[PDB]
Amino acid sequence: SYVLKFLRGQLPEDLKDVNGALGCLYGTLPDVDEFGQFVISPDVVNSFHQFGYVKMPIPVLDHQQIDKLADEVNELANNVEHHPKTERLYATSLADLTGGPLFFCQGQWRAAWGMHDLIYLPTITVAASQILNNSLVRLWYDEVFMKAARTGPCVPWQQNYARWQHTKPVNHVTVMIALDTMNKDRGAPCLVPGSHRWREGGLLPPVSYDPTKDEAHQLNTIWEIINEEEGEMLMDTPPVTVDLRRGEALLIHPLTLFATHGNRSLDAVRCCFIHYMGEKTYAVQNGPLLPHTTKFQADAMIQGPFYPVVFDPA
Amino acid sequence: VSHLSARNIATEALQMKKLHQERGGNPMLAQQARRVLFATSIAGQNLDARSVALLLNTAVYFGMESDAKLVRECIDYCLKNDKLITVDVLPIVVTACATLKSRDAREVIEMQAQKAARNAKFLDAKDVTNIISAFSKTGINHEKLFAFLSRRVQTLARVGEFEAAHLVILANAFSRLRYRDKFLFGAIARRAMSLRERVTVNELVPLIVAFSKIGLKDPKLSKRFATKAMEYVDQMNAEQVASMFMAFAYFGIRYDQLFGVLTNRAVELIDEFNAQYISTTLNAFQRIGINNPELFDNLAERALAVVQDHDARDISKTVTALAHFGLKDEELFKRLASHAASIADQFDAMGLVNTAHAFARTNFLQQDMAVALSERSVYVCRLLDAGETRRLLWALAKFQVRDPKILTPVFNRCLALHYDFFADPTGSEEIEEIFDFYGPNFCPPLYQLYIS
Amino acid sequence: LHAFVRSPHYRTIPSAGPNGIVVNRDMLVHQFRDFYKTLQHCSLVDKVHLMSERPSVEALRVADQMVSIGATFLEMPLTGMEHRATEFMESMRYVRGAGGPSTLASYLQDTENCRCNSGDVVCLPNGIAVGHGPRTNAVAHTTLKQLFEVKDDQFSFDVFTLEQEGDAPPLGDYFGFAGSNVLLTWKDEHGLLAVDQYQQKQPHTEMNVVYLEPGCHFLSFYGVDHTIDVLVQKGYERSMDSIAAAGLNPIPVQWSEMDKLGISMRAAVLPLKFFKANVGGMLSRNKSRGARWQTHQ
Amino acid sequence: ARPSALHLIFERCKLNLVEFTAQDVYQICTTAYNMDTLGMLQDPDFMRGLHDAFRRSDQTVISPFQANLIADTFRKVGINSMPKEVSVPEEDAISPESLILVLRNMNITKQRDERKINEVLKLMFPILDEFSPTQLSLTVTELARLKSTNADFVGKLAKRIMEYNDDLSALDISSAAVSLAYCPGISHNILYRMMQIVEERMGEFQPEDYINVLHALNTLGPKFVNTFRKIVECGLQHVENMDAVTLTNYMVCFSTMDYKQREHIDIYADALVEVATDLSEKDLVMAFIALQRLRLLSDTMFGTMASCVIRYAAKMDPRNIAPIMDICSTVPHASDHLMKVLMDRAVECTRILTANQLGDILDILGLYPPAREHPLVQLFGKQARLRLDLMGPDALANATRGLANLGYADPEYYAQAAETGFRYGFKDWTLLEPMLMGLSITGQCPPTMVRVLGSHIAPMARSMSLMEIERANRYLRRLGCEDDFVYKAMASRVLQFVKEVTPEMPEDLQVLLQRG
RNA sequence: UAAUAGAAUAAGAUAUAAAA
RNA sequence: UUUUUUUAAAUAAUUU
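Reading the values: rules and limits
Residues numbered from 1 in each chain as written, not as in the entry; some residues may be left out. Chains lettered and ligands numbered in written order. Part of a larger assembly, values for the part shown. Heavy atoms only, no water. Residues with missing side-chain atoms left out of burial classes, pairs and counts. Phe/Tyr/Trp six-rings, centres within 6.5 Å; stacked < 30°, edge-to-face > 60°. Helix = DSSP H or I, 4+ residues; strand = E, 2+ residues; numbered from the N terminus. Buried < 20%, exposed > 50% of the residue type's maximum accessible area, 1.4 Å probe, protein only. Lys NZ or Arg CZ within 6 Å of the ring centre and 35° of its normal. Contact = heavy atoms within 4.5 Å. Buried area = accessible area lost by both parts, 1.4 Å probe. Salt bridge = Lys/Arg side-chain N within 4 Å of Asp/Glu carboxyl O. Polar contact = N/O pair within 3.5 Å; in protein donor to acceptor, adjacent residues only side chain to side chain. Nonpolar A, V, L, I, M, F, W, Y, C, P; charged D, E, K, R; others polar. Near = heavy atom within 4 Å. Pairing = 2+ DSSP bridges. Axes fitted to C-alpha atoms, helices over the stretch in contact; angles between N-to-C directions. Disulfide = S-S within 2.5 Å. Arc of directions from axis to C-beta.

Its PDB record attributes the structure to cryo-EM, giving the resolution as 3.5 Å.

Taking the PDB entry as the reference, chain C is identified by name as Mitochondrial RNA binding protein belonging to Trypanosoma brucei. Listed in the archive, the entry goes by the title "Cryo-EM structure of RNase-untreated RESC-C in trypanosomal RNA editing".

If you check the PDB entry, chain B appears there as RAP domain-containing protein from Trypanosoma brucei.

Below, the structure is given as structure tokens:
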């Protein structure tokens, strides 16, 4: 068609249509024969497959990049001048136009620069592909958590695979990146070692969420969903809280128990999750897996513009 | 790039924009400019109004939205220092804020509109054209400012202070705003006539297009434009041929001596026709009403080899034009239906309805396009007129679609506009077809309104 | 140097000028277009500003508002142009828009019975020369002399009074200096009298005197740049030959209709000299007007 | 290396777990800027936390410059920081001191706001009497720095300042004079009276007072020349010992005032060039320009000034290459070494020069003989072809004329220049001649281009002289124009200035006479 | 405890409508 | 071929 002379350089209405990656954070993606620099050591892979989690030895982002990403997260929750492309989001805590002490966002890779770029970050996608047995890895979705200062709540015990029951096979991983320095007094991730292999790769019953209650009970509700043997393994290996720097990344199994603490510092705390999924993955029902997305039928392979292939071992 | 101050960054950003919007769209220059502008900040340094305006303009042109920092800092500066934005950097700020749609952008645009309204009497040749084009980019309805600017343009053009490019810019700017003033366009036409040989074909075609678009209904100047264009046919490009086809269909007057030569030149360059040119030509022929099968066969044949090049707009226009004239091309229709099924998410509010109705009017039903368009109708139901809603409902009834998740939005839209729905006589027959399929069970209130 | 002009108002152009002579409005518009184009084609004028039309024809006389003497922009008394005050405010808005002075000097207006007009003063070399006619009184002479006349070995400014008769037009219309040493005067009684008085007041003065034909309006931008562009009327060819013979550049201009209404070339343009304020020790760049690298080639 | 207590305090500050007031962050930043033993500037996770502590604190406690210093020390590390804007006092918070502090905050931290200026001025007027003499001068200075257009209030302040002439000192008088001269719309009566007051107390002045007075007189203009007279007489007894910057200001004022008593000019220039070696780059440039404008560059003058400027010639600012390049022209003195070094420096910075500066440099080097055999011609040709989109009519004419005079041959560049010049019409003959000169180098152009060129040149033939007529005819014959209206117009002018044809007449003219 | 300034410059199609 | 203007304007009506 004919694009007006002052609209030639614009981007699509949503960044999903943009094939490839923009050069915003780390420039252009490396060449085909340049992807071996970002490989990770086998011991990290063994640690993940043993504990159900591991920390990447090197921070994945420079401090300027973390500053830019924190600015994007701040602008995603303006609440006075709402973010453009807000209608391109799977779910938002500002749908009520009031917000609260916890701001959670999903599918923001179609909304802002940099967040879309972070998906194709080589250092994390190569590691996730190595965890997923060297196959094509497709983004499942992102997530952003922002907790206010002195009142931020905590999300209790949960399993990631409990939210993805519409997807047939167990082939996933999660990468969590800290956009601000975190510790047990501000949203630290607390995980149980060796919990991804408890119920023969099964899902534990959901926990009871009662808001407006102290963090101690919220984190102690764990003794309600487990059995005696899981209790003994808990006693041997109590849940461990992990400290993260301003750029450090953490790989988590989909099936390991996971929680985050409250925020009792004097500033808001930010973190970002991205879930990565393997090639051989099918659907179970007929329809869209996420709101306003391409619909699948029976056991159809999951592809499309909504689940782009981020890395290819060929 | 670190040793460059903000002033040099602004100059190089302007250079990159000028190189990209004119000499090709090299996907390298755009991405380099995006990367450079993503890491700049107007903070802690004293900057002129022009440099800040240039940075804001070149940032917004390259996709940067109203959530970016650079944009926020430039907008805050433009809000705080208002008297520093003289009449030289007003067009840059207005053009940058045209596409941004927020509170601050609206306030800045209004303030600049009032400033240009007050100083409308002291502008010169460059400023009037630049300001009027910049205000035509944004959608604003400040009639008094337009009147003052038109008066100043007439006063300047009486003495002869406009060139061919200025005339084209002024004509397009005043036609885009739907400001119908006979004296201003007469003055512009007379200035071009005085210019004589200084207007070439490239500076003549947009003049005719804009003069047709404004719709003055003056048959005195249309004939003169046709006679002037008759000598320049042999030098025209294919895009120019399509542009004059559309323009002289917009005029509405029949000039056979011109249409014949235009048809011959269009046939000569049939190998240079893209899908856009074919769609434009067929739409122009549909509008003017002439029926010329000889050119139509060649247009249809050339459209068959560029199927993959078709956009949503081109598919819609081509299919509607082909269906109006009763031309049958089963291969072209099938390929267009498949392609429309592939890109069903690119149809706008009215293109979808036009495509569906054009496909349903002729006896051509294909499930691939039918399912895609029926599913896509949900997101464009809310932007439809009463007649367009009636056409969409009839086309959907012809496709035999019964999914309630599709039919609830269109029935809601047609119930909200029932008066204009049932007061259009030309569609009355269509109404009796629609309820012949769904029956009184489907949406009883609509049936009760129909019986009355 | 910025030159200001005003477009004619076609609808309200007078049918028959004073004296009952006839005028053609289309030709008047055409001649003003030719004048504007000729002014723009001048190399010395940095910009030509065109003000919006005003209902009265007298608004075409924009030169009557004020006068430029050295670095002083003196505003003429508003004693006979009461209906033209609003036009003067509108002209001052135009002057301010182009980066000129914020406001005019009001020295003459405060003085009582100080009748004067822009046009009886000639920016001669080494001072100004004023004419003592009916349109200006002796109070204006005394006030100008007290304001601008200074006698010094070097800081010298000379004001000259030149007596003229009642029927004589304003001095700038017929007696004026051009080039650097050339005095252009109408081969008329008043022109010869003014030339003689200027020669006498300032004795031992050497400058060629050129006599044009009567009725040949002229305009010369007199300044250090030594521009030789001298606009003259089209009809008179002998004045044109005389100006060319002195080493100048006559630029013919059709000036029939404006002449028929009583307006001359000098009364139709407002020339001003602006500068840019230089904060801190500063020396703004200036455009060149000569040749470069003379010694090499 | 951080020991246990040091590491724990670092961690506590990193986690935003400590409440910091503005004073404490200021003290820590001062310690970091003074001493670097603990590596405060080398820990991004620590200065980021300090910045987060600074944002959420009350910055109104500290002085404006302390906030500016914290912002600067965070900017130096790599954190984008800006101190918060101060709110206008309301209700009983009204006082002269707070109304001065608002302007001071807007001044130091570089946050100019016209709305807040207008609000503050609308609220300080009633209490103008209560103000102390020093606060009046402070307000005048602050309003002069903020480029406020409200000249009426500045005039009122200046009048109240004059009413206390006895109280003020020489420094305050000079500051008031310069701050009044900087305001554009100030009435000339108050300016005359202030210069009258400056005229007395003349012997009390110090070098700073002299600099302030000379700056004010340079800003004002020739209309106050008389006052400047008493300045040059006053300094005639101290000229043998003055600061170099003072003599540079004297030269600038001499050039601006168009002074005509030449003996003072000669004495002051002779005193200046003795100590000209102490001048900075900018002051050296302006001494050179002012001396050139006064027609005082003799042989020794130019030799000494060139020897002084060749030191900075290695790293000249781009804005200073063109002026000295112009000064090297129009003088009959040898300046080969300065020319060569300046051309090399110009070549070095060819990717940062703006369009106007590139055009000016090409114009100045257009007729230079040694500038043809250099890489600068090709580099500048490519740069000009790239920058043709950003060039106005003056820049286009300058660059094209300079390139044509230099022998640069590139048909595509000249065709693009002709198109860009056809975008906006040529107002003058001097703006159109370079296009013809460039297009005549190759000798061919598309017929539409030559037709448009003929249409443009035809009206302009009415006022050009004989030499311009000959040059235009030569260029048109080289390009090959067939249009008759042109030749007819050129013919008529020729006749008017030359009557009828004669055997003596030049052949070309006689041909031009035939209207070919 | 903290205060110094320079530049003048123009790109161009959104699928509508009754009388010297 | 040419045709245009320069107020602080404040009185509609409703249960939306």
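Attention now moves to the packing of aromatic side chains. The final tally for this structure, using the stated rule, is 55 aromatic pairs over all chains. For the pair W113 of chain A and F38 of chain B, a centre-to-centre distance of 6.0 Å together with 40° between the ring planes defines the contact as tilted. You can see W113 of chain A sitting in the loop between strand 3 (102-106) and helix 3 (115-119) and its partner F38 of chain B sitting in the loop between helix 2 (27-37) and helix 3 (49-61), one on each of two chains. Of the two residues, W113 of chain A and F38 of chain B, neither departs from the other in class, the shared state being buried. Joined through ring pairs, the aromatic side chains of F155 of chain C together with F228, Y250, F254, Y259 and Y268 of chain D make up one cluster. For the cation-ring pair, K17 of chain B lies above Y61 of chain B, with the distance from its terminal atom to the ring centre recorded as 4.4 Å. Above the face of the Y182 of chain D ring, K147 of chain D is positioned so that its terminal group lies 6.0 Å from the ring centre.

With that out of the way, let us pick up the interface of chain B and chain D. Taken together, the contact pairs 22 residues of chain B with 24 residues of chain D. Where chain B abuts chain D, roughly 2200 Å² becomes buried across the two surfaces, and 51% of that area is made up of carbon and sulfur atoms. When residues of chain B are sorted by the area they lose upon contact with chain D, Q15, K80 and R198 of chain B head the list and together hold 25% of the total. At the boundary of chain B and chain D, one finds 2 salt bridges. For the salt bridge of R451 of chain D with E197 of chain B, the shortest nitrogen-to-oxygen distance reads 3.7 Å. The interface formed by chain B and chain D contains 6 residue pairs in polar contact. Looking at the side of chain B that touches chain D, the elements with two or more residues in it are helix 1 (6-20) and helix 9 (164-176) of chain B. With 5 residues, the top contributor of residues to the side of chain B that touches chain D is helix 1 of chain B. Here the side of chain B that touches chain D is built from residues that sort into 5 nonpolar, 7 polar and 10 charged.

As a matter of local geometry, RNA strand E sits amid 44 residues, with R176, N202, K213 and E239 of chain B together with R285 of chain C nearest to it. When atoms of RNA strand E within 4 Å of the protein are split into backbone and base, the sugar-phosphate part holds 42%. Contact distances for RNA strand E include 3.3 Å between a phosphate oxygen and a side-chain N or O atom of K18 of chain B. In this structure, a base oxygen belonging to RNA strand E sits 3.3 Å away from a side-chain N or O atom of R423 of chain D. Sorting elements by how many residues they give to the surface near RNA strand E places helix 9 of chain B first, with 5 residues. Taken together, the residues that form the surface near RNA strand E break down as 13 nonpolar, 11 polar and 20 charged.

To continue, consider the pattern of salt bridges. Under the criterion given, the structure shown has 52 salt bridges over all chains. Here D214 of chain A makes a salt bridge to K213 of chain A, at a shortest N to O gap of 3.6 Å. Where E87 of chain C meets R84 of chain C, a salt bridge forms, and the shortest distance between an N and an O atom there is 3.3 Å. The same class applies to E87 of chain C and to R84 of chain C, which are both buried. Salt bridges sharing partners connect three or more residues here, namely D67, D180, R186, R246 and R270 of chain A together with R48 of chain D.

Residues and elements named next belong to chain C. Judged by pairing direction, the sheet is mixed, and its 3 strands sit side by side in the order 2-1-14 without closing on themselves. In this open sheet, the two edge strands, each paired with only one partner strand, are strand 2 (47-51) and strand 14 (270-272). Going from strand to strand, the sheet's axes swing by 20° on average, the running direction of each strand aside. Examined bridge by bridge, strand 1 (residues 2-6) and strand 2 share 5 bridges and lie parallel to one another. Residue pairing for strand 2: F4 is matched across the bridge by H49. Against the sheet, helix 2 (residues 85-97) engages strand 1, strand 2 and strand 14, with an angle of about 145° to strand 1.

The subject of this paragraph is unusual backbone geometry. One non-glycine residue, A298 of chain A, adopts positive backbone phi at about 55°. Inspection of the secondary structure assignment puts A298 of chain A in the loop between strand 12 (295-296) and strand 13 (309-311). Although it is not a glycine, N113 of chain C sits at a positive phi angle of roughly 55°. Here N113 of chain C lies in the loop between helix 3 (107-110) and strand 5 (121-122).

Residues in contact with RNA strand F, as listed here, are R151, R158, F183 and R190 of chain B together with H9, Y10, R11, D26, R54 and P55 of chain C. For RNA strand F, the fraction of atoms within 4 Å of the protein that belong to sugar or phosphate moieties is 67%. Separating a base oxygen of RNA strand F from a side-chain N or O atom of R151 of chain B is a distance of 2.9 Å. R190 of chain B is positioned such that a nitrogen or oxygen atom in its side chain is 2.6 Å from a phosphate oxygen of RNA strand F.

Now for the side chain of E87 of chain C. Here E87 of chain C is to be found in helix 2. Beyond its immediate stretch of four places on either side in the chain, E87 of chain C contacts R6, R54 and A59 of chain C.

A separate point is the interface of chain D and chain C. How big an interface is tends to be stated in terms of accessible area lost as the parts join. Contact with chain D, which involves 42 residues of that partner, is made by 32 residues of chain C. Both faces considered, chain D and chain C share a buried interface measuring about 3300 Å² in area, 55% of it formed by carbon and sulfur atoms. Linking chain D with chain C are 3 salt bridges, by the criterion used here. We note a salt bridge from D326 of chain D to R292 of chain C, for which the minimum N-O separation is 2.4 Å. Remark: the boundary between chain D and chain C carries 16 residue pairs in polar contact. Within the residue set of the side of chain D that touches chain C, elements represented by two or more residues are helix 11 (207-220), helix 12 (225-234), helix 13 (244-257), helix 15 (281-293), helix 17 (318-328), helix 19 (355-364), helix 24 (447-460) and helix 26 (484-498) of chain D.

Our next topic: the pairing of strand 10 (residues 269-277) of chain A. Residue and element names in this part refer to chain A. Among the 9 residues that make up strand 10, 9 are buried, leaving the element largely enclosed by the rest of the structure. Where burial is concerned, the two faces of strand 10 agree: the one with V269, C271, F273, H275 and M277 and the one with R270, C272, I274 and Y276 are both buried. When strand 4 (residues 137-147) meets strand 10, the two strands line up antiparallel, connected through 9 bridges. When the sheet's bridge partners are listed, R138 is paired in strand 10 with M277. Note: strand 5 (residues 172-178) against strand 10, 7 bridges, orientation antiparallel.

This brings us to the state of the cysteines. Residues and elements named next belong to chain C. This structure, assessed with the given rule, holds 0 disulfides over all chains. Residue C116 stays outside any disulfide, its sulfur separated by 6.3 Å from that of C114, the closest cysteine. Here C216 is not cross-linked by a disulfide; its sulfur's nearest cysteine counterpart is in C42, at 17 Å. With relative accessibility at 0%, the residue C216 sits in the buried group.

Let us now look at helix 24 (residues 428-437) of chain B. Residue and element names in this part refer to chain B. Turning to helix 24, its buried residues are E430, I431, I434 and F435. On an axial view of helix 24, the arc spanned by its buried residues comes to 125°, and they lie on one face. In this structure, helix 24 carries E429 and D436 as exposed residues pointing more than 90 degrees from its buried face. Residues of helix 24 that are buried make contact with helix 19 (349-361), helix 21 (386-398), helix 23 (418-422) and helix 25 (444-451).

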